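Here is the structure we will look at.
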DNA sequence: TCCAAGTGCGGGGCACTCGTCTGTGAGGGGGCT
DNA sequence: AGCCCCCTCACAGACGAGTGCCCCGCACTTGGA
Ligand SMILES: Nc1ncnc2c1ncn2[C@@H]1O[C@H](COP(=O)(O)OP(=O)(O)OP(=O)(O)O)[C@@H](O)[C@H]1O
Ligand SMILES: Nc1ncnc2c1ncn2[C@@H]1O[C@H](COP(=O)(O)OP(=O)(O)OP(=O)(O)O)[C@@H](O)[C@H]1O
Ligand SMILES: [Mg+2]
Ligand SMILES: [Mg+2]
């Protein structure tokens, strides 16, 4: 029935369960060593200690241990490009502090976590924090009133509550009241809140936050620099372990090619899994240089020349005429009329006759759906605008060679 | 300037028993009002017809 | 435990009792409240100042005095905690324990207007961050700032804000009546000696005077009061110096070098280097500053073809430019199609030359002008 | 009064007489009641401010009947406010619908059921700030057509009947009276519909780095008699005034918001002359 | 055992808002018979 | 000797994303029946 199900879901009294498999999952003994290297190279498996992220670990651990042992509250801002060990280091610090608070080495605390990119509006942050405090789902105004009753009023013995805020830039709106309320509660004396906000841009407090919000946010920042060529090899060689499945030059080429594009760790840990999946189909047990080069070609893909090679004849004539019209009239944004005139000239040259514009609009729509050109709606025929989305040298490389 | 004119409201309600002739007994019993009403009713019915 | 953690705990950037810098502004506020309690008339007040100068500290030190607590009924309302701009009246009833029929804001407004005429005590209303109450036509702010002109009322209200000219831009109609203009008060930014006195109060309150000699405090105040002037950043840097010196040294007092390092601290992949090189080349060798993503990609492809470097596709080039955008070097103006996004360099070329640190490469790209 | 076309093509005792004028206008009120009883409306078109005359007519005559005073000179009133007031505050029937003509149909349907409940409404400045569209005049003409609603109104502008067609002029059953007082427009002009000192006052509130940046802009403006962003950026980085680009951009954003710098794409011109800027520059020596 | 209407709250229609963009009417500047 | 013809520049209009606000449906629901 709807009524008791909603009243038991909103109160947090039934377990949100998920269905179970009929067949029991496979064994570790039934997995080969290449399969073991494929499961140990997953992005989901975080290690118990992160290689090449030690200085930031000691920085956040010293900050959070000071803020917990002082019982005062505060704010931190860490930032960096995606894939550089931010959330993993922060939850490793928090797991270390929880294990230290289990052994009576540290005063105990609560750990709340929210993510801005799983909230529908920022005010639902108030619904989620309270859901990690009691367990009951309420509206956002009642949850905000109860959080303001909890934090601003003194009530010993109050325990410290560390609030982690992932993806801060989604909680920023036109009014900026949610981020102001989150960064304002540590500034009170009765609330022992230690908030650590994680973001991608280094200049988030100056670009879009107001003056009082970047004044409350503080100046104890932290920056996670991207991975270099040497650390991104150490990550993969610590993931694989002592197995001889990956050669040294394979991991070196993977780290050198990934660390020159972005510095992401997820890119290397997915390229190595794709190389393992390639070497599984070659009936081998080792990952040589060839499988790594094939996986590098497949993952970092560039298929806007094969798409021009695999078009029809009239679409290649159409692309040649758009390139020739761009060459003739200088400016890149062309009209369909001059494109069709150069189509007629090129088709008179090659000998093959061209369809009327009632089919040339279909060719232009087919190139626009494939995103080889950028074109408008076809309701204004013979006057629609055409941008060339592929480079003018890609057409000459795809048709001459 | 006056307490009637404000800087927030634009309309002012003075509702006295509203639910969901302006002249009293002084003018209606006078003969000129009856002859005016009779002549106007006659002329209005004639033009409507 | 020791004195470093004691200084770190006693700075703490939170609410205090003794305000050694605001000695005349508090006297002015007390004289305002005494002259409006003595003659039993109503009046507005508008305090404004830069974030971090001590507005809420003064108006929370006054709201906890016992004589004003026994003479008037005080209400503090923060204007960022409300749901919408038109709902603040409802919060007034929650702050006054009134009885309304409910479920509409007009009955809340009439209940406040009935309570203001028949009150037994003078009502002080503090509205913090009143710039959240600004809207298009501003019926709520003009309704709130009109209650001193109400007949038989006794409400006096203080609005706290950051804008110097909020009441002259968004409250223009109140200039048309000399009774209704709120009296101004601008909290000035802190000087160097006032920040030094704030540090001398906060350190000698807990007898942690030995960790800070006056030379580092003079240098810290002379930088902070010149750059921004607020005391939140001053206390944050004064706490960060101790938080760095405790980890570095481990009593040893701090020197000028540590505070200088902290103040000058607070105040690349290959394809991203190549993208920055071609952008600096296109901004040198071309007058108009409209650079799209497709034109930059077509120059970058020729630059990579001359250097025998494997160029990227457009779909990866856009992600590369979006990852250089996070550092703050660029800014992307958004259009309908991803070929048309405008890339604006927001640094100087010497800053890019200092940041790249690849001088034999970046001097070779800018001399290779044949690709443009 | 007959205007000529040629001008378009070639291009104390005063108070006693004013009180006598006001008493002679106050003698008209039972005649106005007898005119308003017979279906007409009242329109005043004089020179002086007719606020006190309509207030005196409301006080001395209609001190018992239902009255909706509408300040049309208010610069931020809406038709939705007036129609919601008639719907919910007089008739007590909830809020009016958002489309206003359906609200006028609702008001007509609820006023057809209750005879001898006469609602008066006194529109000061029928041609006010937010009553100059044709839709508001159409709604007011539909409201004044009902045999229960009576209308008094003031007219001040000279181009007012340009937006009354014959339908809106036969709906408005006007009776044009000339109540020309000589009182000044003290209430209609006080609303929002009608430098150097601010520069000194804002400049006395800035910090020292903002003083250095603004004095650099003032020095460039008085030297070259608008400066680009890169010259100001180099002149501020040479004197250690800014840390990076976003600090100077936030300072210039605060300058644009406090109205001291005019930025046009990014040239920065201070919108004053050279003499006041020269005396302002020697004021800081 | 149920229930009539307040009511609390989410959702969609709408209206403003900031930025871009382009005609353009008349004030302004250069020549005229 | 006032007049004839281009320049141009901030209003007029559009427009387009886009974002917040207010009416409206609608289950809750509850003290009562
Ligand atoms: N130094 C490292 N050692 C081992 N594994 C790592 C390291 N850095 C990253 N990883 C792996 O890469 C993934 C990166 O996740 P991470 O927590 O860094 O995401 P994130 O940076 O928070 O993402 P976003 O910035 O988009 O929120 C983790 O699952 C982890 O397994
Ligand atoms: N004169 C002073 N002496 C000691 N401490 C001060 C003084 N002035 C301000 N502070 C400290 O600065 C902190 C912040 O000041 P406050 O919150 O009053 O600024 P604010 O004007 O409210 O900021 P915002 O405008 O951003 O709301 C307070 O916690 C207070 O401890
Ligand atoms: Mg994360
Ligand atoms: Mg404050």
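Using the numbering of Swiss-Prot, the residues shown for chain A are 519-919, in order.
Recorded method for this deposit: electron microscopy, 3.4 Å.
Quick reminder: no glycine exception, Cβ is built from N, Cα and C everywhere.
Noted in Swiss-Prot for the protein shown:
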- A:533: phosphoserine (MOD_RES)
- A:564, A:598, A:599, A:600, A:601, A:602, A:603, A:604, A:605, A:606, A:685, A:718, A:784: ATP binding site (BINDING)
- A:684, A:685: Mg(2+) binding site (BINDING)
For this session: Would you mind listing, in sequence order, any of the binding-site residues A:564, A:599, A:605, A:784 that have a CB less than 8 A from a CB of chain C?
Result: A:599
Exercise. Tell me, how many other CB atoms lie within 10 A of the CB of residue A:601 (ATP binding site), whichever protein chain they belong to?
Worked result: 19
Exercise. Can you list which of the binding-site residues A:599, A:603, A:605 have their Cβ under 6 Å from some atom of ligand 1?
Worked result: A:603, A:605
For this session: Could you list, ordered by sequence, which of these recorded positions: A:533, A:564, A:605, A:684, have a Cβ under 6 Å from ligand 3?
Result: A:605, A:684
Exercise. Between residue A:685 (ATP binding site) and residue A:533 (phosphoserine), what C-alpha distance do you get in Å?
Worked result: 28
Problem set entry | Number of Cβ atoms other than its own within 10 Å, given for residue A:605 (ATP binding site) | 16
Exercise. Near residue A:784 (ATP binding site), which residues of its own chain have a C-beta under 8 A away, given they sit six or more steps off in sequence?
Worked result: A:561, A:600, A:601
Problem set entry | Where residue A:784 (ATP binding site) falls in three-state DSSP terms | helix
Problem set entry | Pairwise CA distance, residue A:533 (phosphoserine) versus residue A:684 (Mg(2+) binding site), rounded so that it is a whole Å | 26
Problem set entry | residue A:603 (ATP binding site) CB neighbourhood, other CB atoms within 10 A | 21
Problem set entry | Residues satisfying Cβ distance under 8 Å from residue A:564 (ATP binding site), sequence separation of at least 6 | A:606
For this session: For residue A:533 (phosphoserine), just count the other CB atoms lying within 10 A of its CB, please.
Result: 6
